[PDB]
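Going line by line, the protein sequences match chains G and F. If you use the authors' numbering, the first sequence corresponds to residues 303 to 313, 318 to 437, 444 to 462, in order. If you use the authors' numbering, the second sequence corresponds to residues 176 to 215, 231 to 355, in order. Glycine included, each C-beta is placed from N, C-alpha and C at the ideal position. For reference, the structure discussed in these notes is given below.
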Amino acid sequence: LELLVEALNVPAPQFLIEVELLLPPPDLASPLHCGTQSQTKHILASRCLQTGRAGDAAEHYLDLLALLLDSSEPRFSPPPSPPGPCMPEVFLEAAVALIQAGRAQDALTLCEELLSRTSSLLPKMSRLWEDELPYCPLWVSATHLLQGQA
Amino acid sequence: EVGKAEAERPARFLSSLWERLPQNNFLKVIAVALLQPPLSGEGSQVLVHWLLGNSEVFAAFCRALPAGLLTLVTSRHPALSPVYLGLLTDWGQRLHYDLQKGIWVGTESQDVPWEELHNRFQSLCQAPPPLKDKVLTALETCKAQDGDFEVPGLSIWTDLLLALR
C-alpha cells in the first residue's frame, strides 16, 4: 500500500473503435476500482490503525490531512468518497491515532481545528438555559469526547 | 397582653397554638404579623425568637408559603436570612441530575422540585442589596465547595447560577 500511494503520484485517442470504448467504467465491487492517493492513504491509515501501529498511523493521517486542507494551489486531491467516510469522521480517526500515539497536544490542535471551521454549523445550546428536539450531528458530540480523552 | 402580664413566657402560648389549631392557616398569619408596622414591633421580635428556638416548625414555614412573603420576611428581619439560606443549601444537596430528562429531581416525593427552588432563589435575588450579595456569595462558596465546574450535570449550584442570568 505504501508503494501504491507513491505510485498514484504519477500519471492516446485513435480515430478507430478500440476496446477501451466498449468496456464499462468499473464499479466499486470490481477489483479494478482504484481511488486517488487521498482515497487510499486513508486506506493505509485505517489499515495501519486497526493493527495497532498507532505511531505510523498518526503520521499517515497527518499526511492525509496535510494534502486535503493545504490544497488551494495544486491539483485537487479529494476527500474520501461518500460510501467512504465524511470529512469530519476523518479529523476524528486522525485524533484517535494521535491518542494511541500519546501526542495529546496534537489531539487538541485537531479538536480546535475542527470546531473553529464549523462554529456556524453547531447548535448555540440555549436549551441548557431554558431547563430531544434541537439537532446535533454525532461528530460534534464526539469531538468533545476525544477533546477530553486528550 | 401576655408580654406585660409576664405570667408564662410567650413561647408556651405559641407552642400551645401550634399543637391545637390548623397549622397551614396559622403560619400565613405569622408571616403577615412580621411586616405589620408598629401600633402602640415587640410582637415581631418575639416571633423571630420563637421560630429560631424551634427549627422544626420554621422548616414547614419556609416550605408552606410563597417566595415573595419569605423574601420580605428576610429584608425586614435579617436574623432569619442565614438559617433559610441554610435550608436551601440543605435541600439542593438532596438532588441529582438525570441525563434522559434535562432536570434535577428528588429521590423522595416530599423533596422540593427544581422549579420551586428556582422560584425561591430568584426571589431572594430580586430583592434589596443587603440580602442579594449574602445569598450570591452563599451560592458561589457552595459551588466552589462541590467542584467549580462551569457546565451542568455536576453541581446543582452551577445550575442555579446559570439559570439566574
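Which residue marks the beginning of the beta strand (DSSP E) containing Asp288(F), and which one marks its end? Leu285 to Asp288
What did DSSP end up calling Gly296(F) once you bin it into helix, strand or coil? strand
Pull up the distance between the alpha-carbon of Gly390(G) and that of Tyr287(F), whole angstroms please. 39 Å
Curious, which full-length alpha helix (DSSP H) runs of at least 4 residues does the stretch 349-396 of chain G contain? 360-376
Would you say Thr342(G) and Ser377(G) are within 8 Å of each other, going by their C-beta atoms? no
Does the distance from the C-beta atom of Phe311(F) to that of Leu350(F) stay below 8 Å? yes
Which bits of chain G does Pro342(F) rub up against, with CB to CB less than 9 Å? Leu434 and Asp437
What residues in its chain sit with their C-beta under 8 Å from that of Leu373(G), if we drop five residues either side in the sequence? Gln343, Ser344, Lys347 and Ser383
Would you give the residue range spanned by the alpha helix (DSSP H) that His456(G) belongs to? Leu450 to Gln461
Could you name the residues of the stretch 271-294 of chain F whose beta carbon sits closer than 8 Å to any beta carbon of chain G, in the order they occur along the chain? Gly292 and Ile293
Given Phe188(F), which residues of its chain have a CB within under 8 Å of its CB, disregarding the five upstream and five downstream residues? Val177
Tell me whether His308(F) sits in a helix, a strand or coil according to DSSP, three-state version. helix
Please list, in chain order, the chain G residues whose beta carbon lies closer than 8 Å to that of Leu352(F). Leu434 and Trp435
Grouping DSSP H, G and I as helix and E and B as strand, with all else coil, what is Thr346(G)? helix
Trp294(F) to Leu329(F), Cα distance in whole Å? 17 Å
Check the C-beta distance from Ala206(F) over to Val263(F) and give it rounded, since I have them as a contact under 8 Å. 6 Å
Any idea what DSSP makes of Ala335(G), helix, strand or coil? coil
Classify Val238(F) as helix, strand or coil using the three-state DSSP reduction. helix
Please report the distance separating the alpha-carbon of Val312(G) from that of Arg423(G). 32 Å
Please state whether the Cβ-Cβ distance between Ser234(F) and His267(F) is less than 8 Å. yes
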